[PDB]
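What follows is the residue order along each chain.
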Amino acid sequence: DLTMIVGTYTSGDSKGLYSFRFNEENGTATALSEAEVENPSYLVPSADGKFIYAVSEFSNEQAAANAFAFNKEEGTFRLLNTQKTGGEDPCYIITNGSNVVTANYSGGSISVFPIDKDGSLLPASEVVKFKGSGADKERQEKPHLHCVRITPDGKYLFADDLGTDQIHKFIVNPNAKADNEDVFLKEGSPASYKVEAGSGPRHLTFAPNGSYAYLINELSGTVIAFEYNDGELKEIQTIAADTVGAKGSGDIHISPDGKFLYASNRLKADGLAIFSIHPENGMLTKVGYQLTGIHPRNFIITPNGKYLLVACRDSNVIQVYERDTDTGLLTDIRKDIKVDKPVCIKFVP
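(A) Summary view of the sheet that holds strand β20 (residues 249-254). Ordered by their spatial adjacency, four strands build an open sheet running β20-β21-β22-β23, and the pairing between neighbours is antiparallel. Two strands bound the open sheet, and with one partner strand each, they are β20 and β23 (284-291). Each neighbouring strand pair of the sheet contributes to a mean axis angle of 20°, computed without reference to strand direction. Where strand β22 (residues 271-277) lies against β23, seven bridges are found, and the strand directions are antiparallel. What sits directly across from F275, in β23, is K286.

Given below as structure tokens:
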């Protein structure tokens, strides 16, 4: 079976991280262990699955990135250390094996943490702060970094800024590590790529073919499709994922076969919008819509592409939907995984 890690908001019953075994052939999950850490909103396992890095989303000086040693054979967690981010509300985290990068929502910045030899985190190495505002007076008063993604080629990093309707561009130094002083992230050219005012860039994902990227906009509720090549994003299409103006869109994922794209919506008509991906031009065509549990801030598709699990924060459950290989449509198999406020799901490679 696969090993599954679940992040939560810990104000209620949840204590932090939760590990499970997940059978991707019949959708059954078996609980393993847990790790007490506050607000592990987003997390990412190391390529070898020996470590797990999770944020501690706080709107104060407690905001941090946590380093965990992970024994998947036992399914247990071992906290190594915690380092402060440069800014408030870190809500997305990634690792290139040498450094961990955090996107700070309230700080309007991104923080880089070099990884020590033992897998723990050295203190924040680089903290890039952004400035600006947007169309929406309430939600775009200043920058709000919601996502960081290293391109398929590994030479660049894009940081979605919901507060200024931009996707900031950086050049990635593959040789930057804790051993040297090589700058890991450097401002690229151009400094960013702009999207329609009021969009509210949230999450960005890349297609398996590595030639296209898709963005889900939290405020506008649209999905913008981009052609991608050597650090360049060119807009090819915009389409609505949310059609009721809920201004609460969330996550975005493409099925392993690259034939379908899913985008989640919250606040009104909670669910996922389902699109077919053109095999030649990568453009999207809406084919269905699935109402889910309440507040689907995050979801994931199993490696074999058979199941799609949706973390429903307000319904306190992770719903399991079987995917129809040919239509992309979903079917609830009734195997809810109960957990208080789940907001992130990952599998251990």
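(B) Summary view of the nonpolar core. Core analysis: the largest hydrophobic core is formed by 43 residues, its most contacted members being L17, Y53, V148, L157 and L185. Those residues within four positions of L157 in sequence are excluded, and the remaining contacts are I94, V101, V148, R149, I150, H168, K169, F170, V172 and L185.

(C) Highlighting the packing of aromatic side chains. Counting across every chain of the model gives nine aromatic pairs. A centroid spacing of 6.5 Å and a plane angle of 85° characterise the contact between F22 and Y307, whose relative ring orientation is edge-to-face. Taken together, the residues span a long stretch of sequence, with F22 in strand β2 (residues 16-22) and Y307 in strand β25 (residues 307-312) at a distance of 285 residues. Across the pair, exposure class does not vary: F22 and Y307 are buried alike. Seen in terms of ring centroids, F68 and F77 are 6.1 Å apart; in terms of plane orientation they differ by 80°. Their pairing is edge-to-face. Neither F68 nor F77 differs from the other in exposure class; each is buried. Aromatic ring contacts, followed pair by pair, group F158, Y193, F206 and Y228 into a single cluster. Geometry around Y156 places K169 over its ring, the cationic atom sitting 5.3 Å from the centre.

(D) Structural context of the pattern of salt bridges. Scanning the model with the defined rule gives seven salt bridges in all. Of the charged contacts in the structure, one is a salt bridge between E218 and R139, with a shortest N-O distance of 2.9 Å. One end of the pair, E218, is in the loop between β17 (212-217) and β18 (222-229); the other, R139, is in the loop between β11 (126-129) and β12 (145-150), with 79 residues separating them in the sequence. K155 serves as the salt-bridge partner of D230, at 2.9 Å between the closest nitrogen and oxygen. Here the residue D230 occupies a position in the loop between β18 and β19 (232-240), and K155 occupies one in the loop between β12 and β13 (156-161), the gap between them amounting to 75 residues. Overall, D230 belongs to the partly exposed group, its relative accessible area being 38%. Owing to a relative accessible area of 41%, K155 belongs among the partly exposed residues under this scheme. Look at the salt bridges and you will find they share partners, linking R139, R202, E218 and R266 into a network.

Conventions and cut-offs
- Residues numbered from 1 in each chain as written, not as in the entry; some residues may be left out.
- Heavy atoms only, no water.
- Residues with missing side-chain atoms left out of burial classes, pairs and counts.
- Pairing = 2+ DSSP bridges.
- Helix = DSSP H or I, 4+ residues; strand = E, 2+ residues; numbered from the N terminus.
- Axes fitted to C-alpha atoms, helices over the stretch in contact; angles between N-to-C directions.
- Core = buried A, V, L, I, M, F, W, Y, C linked by side-chain atoms within 4.5 Å.
- Buried < 20%, exposed > 50% of the residue type's maximum accessible area, 1.4 Å probe, protein only.
- Contact = heavy atoms within 4.5 Å.
- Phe/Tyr/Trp six-rings, centres within 6.5 Å; stacked < 30°, edge-to-face > 60°.
- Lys NZ or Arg CZ within 6 Å of the ring centre and 35° of its normal.
- Salt bridge = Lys/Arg side-chain N within 4 Å of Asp/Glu carboxyl O.

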